[PDB]
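Protein chains in written order, with full-length UniProt numbering: chain A, 1 to 67; chain B, 1 to 71; chain C, 3 to 96; chain D, 1 to 110.
Heads up: the structure comes next, in structure tokens.
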Amino acid sequence: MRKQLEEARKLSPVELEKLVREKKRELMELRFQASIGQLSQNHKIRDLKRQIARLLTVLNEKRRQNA
Amino acid sequence: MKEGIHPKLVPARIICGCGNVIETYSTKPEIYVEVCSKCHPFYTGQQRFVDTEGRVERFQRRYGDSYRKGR
Amino acid sequence: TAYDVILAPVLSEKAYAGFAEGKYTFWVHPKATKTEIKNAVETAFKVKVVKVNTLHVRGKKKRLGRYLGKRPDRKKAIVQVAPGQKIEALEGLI
Amino acid sequence: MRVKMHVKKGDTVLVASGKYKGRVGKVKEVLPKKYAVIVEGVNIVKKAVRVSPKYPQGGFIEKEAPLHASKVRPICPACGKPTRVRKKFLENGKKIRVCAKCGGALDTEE
RNA sequence: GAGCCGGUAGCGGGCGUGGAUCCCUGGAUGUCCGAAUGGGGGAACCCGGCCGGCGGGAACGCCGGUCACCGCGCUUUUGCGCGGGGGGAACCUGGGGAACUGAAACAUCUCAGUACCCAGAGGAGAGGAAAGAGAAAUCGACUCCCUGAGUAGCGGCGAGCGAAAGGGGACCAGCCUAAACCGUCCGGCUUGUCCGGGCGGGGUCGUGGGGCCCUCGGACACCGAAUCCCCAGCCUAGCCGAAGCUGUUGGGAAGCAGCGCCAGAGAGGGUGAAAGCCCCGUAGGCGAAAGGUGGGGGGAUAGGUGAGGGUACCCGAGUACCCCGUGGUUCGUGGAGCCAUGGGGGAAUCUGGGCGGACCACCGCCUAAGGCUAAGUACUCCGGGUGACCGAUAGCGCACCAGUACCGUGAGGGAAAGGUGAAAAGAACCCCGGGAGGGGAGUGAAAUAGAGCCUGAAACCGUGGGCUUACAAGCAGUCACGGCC
RNA sequence: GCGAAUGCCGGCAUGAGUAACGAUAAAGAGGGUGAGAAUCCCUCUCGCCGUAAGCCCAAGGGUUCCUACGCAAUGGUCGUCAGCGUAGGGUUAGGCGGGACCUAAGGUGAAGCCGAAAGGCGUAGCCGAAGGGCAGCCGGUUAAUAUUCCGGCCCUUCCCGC
RNA sequence: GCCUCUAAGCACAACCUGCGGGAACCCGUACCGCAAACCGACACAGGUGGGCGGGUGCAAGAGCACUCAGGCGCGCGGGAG
Numbered sequence: 001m002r003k004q005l006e007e008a009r010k011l012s013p014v015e016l017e018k019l020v021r022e023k024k025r026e027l028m029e030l031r032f033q034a035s036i037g038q039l040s041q042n043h044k045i046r047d048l049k050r051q052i053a054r055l056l057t058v059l060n061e062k063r064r065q066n067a
Numbered sequence: 001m002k003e004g005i006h007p008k009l010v011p012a013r014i015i016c017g018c019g020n021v022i023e024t025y026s027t028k029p030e031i032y033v034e035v036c037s038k039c040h041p042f043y044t045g046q047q048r049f050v051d052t053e054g055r056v057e058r059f060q061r062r063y064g065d066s067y068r069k070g071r
Numbered sequence: 003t004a005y006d007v008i009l010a011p012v013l014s015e016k017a018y019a020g021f022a023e024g025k026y027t028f029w030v031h032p033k034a035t036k037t038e039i040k041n042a043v044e045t046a047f048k049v050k051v052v053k054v055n056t057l058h059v060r061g062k063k064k065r066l067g068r069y070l071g072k073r074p075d076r077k078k079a080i081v082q083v084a085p086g087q088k089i090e091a092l093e094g095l096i
Numbered sequence: 001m002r003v004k005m006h007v008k009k010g011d012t013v014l015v016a017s018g019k020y021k022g023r024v025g026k027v028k029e030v031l032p033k034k035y036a037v038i039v040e041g042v043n044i045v046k047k048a049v050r051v052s053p054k055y056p057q058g059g060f061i062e063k064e065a066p067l068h069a070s071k072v073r074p075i076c077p078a079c080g081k082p083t084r085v086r087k088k089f090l091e092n093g094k095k096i097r098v099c100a101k102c103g104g105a106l107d108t109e110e
């Protein structure tokens, strides 16, 4: 989903902020999932981490670029 | 470093000997001094304008502080 | 960095009773202040953080043939509700 | 036989080997060239686990070792591997050219 | 270029030629400790003051940004704006600085200015245009290699120690700065006319600079990075890249046999047993990128150098020089010079002043008591290549979860352990046992290649067989003969 | 190129199946479990402790503690038992303790004095202790922890308000 | 901690005192632990800091003897002698 890469690029302020916050939370969800479905979940976890990692890398890009 | 000189450096070294001559008057000397030593100067002061001192060492000292006597 | 997330629920046996009527036992970020716990718990869960207790426990004996190791640090903490609300799903569960 | 390989999924021959009857090959590693010709293995008489019929044994065996499989078999079997004169915009296509030829052409087959 | 989610294969889930795994250059936070520096503290943990936020708000508690010490110069006001420090295997410079041992004792001496403690620069530091060398009216920075001699010589002249100039070679540039005198000057003192500190001219190379009078006189020289842009070298990723097939004993064939071939690349390794032509991106060769580094060649930026006589002298050092205590020197007490300083005396401005010849008259030499830098020898952490170098008790002790297991209070010490096979095909299942483990079947070319399982030989311990033995004295044996087999 | 250096490294024999099995506080019987139990589990006889072989605080040690399975290595043989193997589960405190405070010896050290350098010394300030100071105790409750959990009764400090 | 004044605010929003509302974090606790779990290279008869020490008997009492509780019977047995 380098496409997600794009959406990332797109957002920015309290935007990217709240977006990453929520998503991270979703990953919490995952963590709890640690003992349920799990099977197709694997990705959701590794990746999800990765993706929020993206969000982050971005905020750095964005506001650091700013100041 | 807490006593080189101030009006330059005079803080150190030296190995010192001794024997008992008779060279150019009779025979060989006599030597048996593998000894080691100190060897140094001294300290003092005056005033910028009520408030001063110095520190310093001996000679380079004396004419030096004089130098600051000029200003 | 500032991801509020700081837990993995306690599903141990005795841990249960509490899920049954008031105190829910969880595993928390090793170091998550008690007020920290009130924050995470209360905020993420829409709960009534009353008495949050905390304990840590490192691991031990796990052998790998020619050499061995002993696991990291499992951090325990337990917080109780107020009326009996929240964590529902979780509790019916474990 | 290093980060660099020969035939890919592809299909080819067995020179000094124990089959020669080359064909479709399972997979190829990258450094440990190791590749599978889907042409000769065993059974391992298996675990005896319901992994296989509760009463069981192992089936498809084919870890294709030796590197005496004579890569690529265009309308010509035993051949080496070429390169490009580009001829077209950014033309790698190190496709295989030796007497007969074959490049894996994305069409009619792999 | 088409496979991969690390050494782990296994489970349970996946991603990618609408350049996935990975290779490099740059990214981003990057927990806590550690020079640690906001405070404290048995480091890898507990405390705090300010603006920010969120939450149940205040009390509380996180993320954030923050806030040691230092000397450094600046707005000397209220002080904001730079630097260091902590490292680093061997290498380097300076500080300080040792016994053994030798002298077949051992005190001058030798080991040595060595080992060791230290501070400090680096990437190299070291040294570096001459008060030099040297006696022919002669050389001309420094450094390093050979030579110069192991002579000149130093010395209980005992053990020993032990130059230099010149020759050969590598490498080759020189520039500065107070130096009152100028003036500018601003600050001063107190004012006219000293000193202070900024800009010059001067800004001493082999000596003059300057000030006053006339010859002046109108374009090539770049550093010690001047400095800037370049082909920028590599850093890691690159890629092509010559010619063989049949047969054939064979578990194997790359071998024995038939023919065909490559080649400015018969360097090696890998391919089931020994291929130039099967694999290798190698020598054959070419290859390569916008990032990180310049010796070159080139430019430009070129700071800054670059003329002539004359004329009363003003113009690089506080210490030269002398005497006593010592270091350096091939100099150990000395006829002993020079250089370097601890101590007391205590000058000179180019007729100045030391240097050669203790010293004296001469001649000859150089111009000190400030400053800066290339290059040629150093060293090995780290990369690459190579060996009448090692093969697992030698190699680094370290061939692989060895600086750790383990001894020690600590400083500190410091092991062992490598190999099944061609590839897992490594052991279904039947049989005794609680188990191991033992017998079968399949492995298979072998399993007396079976899982520390290649080769696995000596000591030692076992089962079986032949001979031999209970009136025998002898480490041993071994010469003869005879019974046995 | 080595018997041979009380040599080095490693194996390996040797008294030798002898010496001992770590305290003269004693065991013996009966069922139970196992594949096998003098040597494990209950039960019944007996002895040894008790002012210790007591129970508790701390120190140090840190896994183990429990629960299930399990022994071939380990307990000086035994073992089906373990403080042994695998796994899983297990100590929570506004009022206990320590720090969110205090000071000693002493250490550090902004100043200051002082060493060839590495430093020595050192006010104040700080570190520094079951020495000071400080707000609960009792009954119940698990395999396991509890003045922490639960309940009962009694307080503590600091914040907002009134 | 009680008080006692400066800074200085306080003094109109400081301290003493009520009641109500509200907050109060960090590290510890399992078990051994006079010891086969700590200090001796060992399930070593050595050592190791405070705490009534239950009863009875004896002039006295943590000496003594039996015992209270609660703790054991030592980790190789049998066997003659």
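Heads up, the beta-carbon is just placed ideally off N, CA and C, and yes, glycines get one too.
- C-alpha of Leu55(A) to C-alpha of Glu22(A): approximately 11 Å in a straight line.
- In the displayed model, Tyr18(C) falls within a helix according to three-state DSSP.
- For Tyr5(C), the chain A residues whose C-beta falls within less than 7 Å of its own C-beta are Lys24, listed in chain order.
- Taken in chain order, the members of the segment 41-62 of chain C whose beta-carbon sits within less than 8 Å of a beta-carbon on chain A are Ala46.
- When DSSP states are grouped into helix, strand and coil, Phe28(C) belongs to the strand group.
- Between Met1(A) and chain C, the shortest Cβ-Cβ separation is not below 8 Å.
- For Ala34(A), the neighbours in chain C by C-beta distance under 8 Å run, in chain order, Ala10.
- The beta carbon of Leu48(A) is closer than 8 Å to those of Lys23, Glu26, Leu27 and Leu30 in its chain, skipping five residues each way along the sequence.
- Distance from the Cα of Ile89(C) is smallest, within the candidate group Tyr5(C), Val59(C) and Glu23(C), for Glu23(C).
- Collapsing the DSSP output to three states places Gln65(A) in a helix.
- For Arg46(A), none of the residues of chain C pass the 7 Å Cβ criterion, the least Cβ distance being about 16 Å.
- In the DSSP assignment, the residues bridged to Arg76(C) are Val59(C).
- For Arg73(D), the number of other beta carbons within 10 angstroms of its own is at least 16, and it is reported as buried.
- Judged by beta-carbon spacing, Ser52(D) lies beyond the 8 Å limit of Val15(D), meaning their Cβ atoms are not closer than that value.
- Linking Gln57(D) to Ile44(D) through their CA atoms gives a straight-line distance of about 7 Å.
- DSSP places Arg97(D) in the strand class (E or B) of the three-state scheme.
- Spanning the alpha carbons of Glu7(A) and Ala36(D) requires a straight line of approximately 42 Å.
- If you draw a straight line from the Cα of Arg86(D) to the Cα of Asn92(D), it comes to about 6 Å.
- By the C-beta density criterion, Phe89(D) is exposed, having fewer than 16 other C-beta atoms within 10 angstroms.
- Contacts with chain C at 8 Å (Cβ-Cβ) do not include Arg50(A).
- Excluding sequence positions up to five before and after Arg84(D), its CB lies within less than 7 Å of the CB of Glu91, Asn92, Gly93 and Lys94, all in the same chain and listed in chain order.
- The Cβ neighbour count for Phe21(C), taken over all protein chains shown within 10 Å, is at least 16; the residue is labelled buried.
- DSSP places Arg50(A) outside any beta strand (DSSP E); the residue lies instead in the alpha helix (DSSP H), whose first and last residues are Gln41 to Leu59.
- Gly61(C) and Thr27(C) have their C-alpha atoms roughly 19 Å apart.
- When Cβ-Cβ separations below 8 Å define contact, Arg31(A) makes contact with chain C.
- DSSP, read as helix, strand or coil, puts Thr3(C) in coil.
- Around the CB of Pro29(B), fewer than 16 other CB atoms lie within 10 Å, so the residue is classed as exposed.
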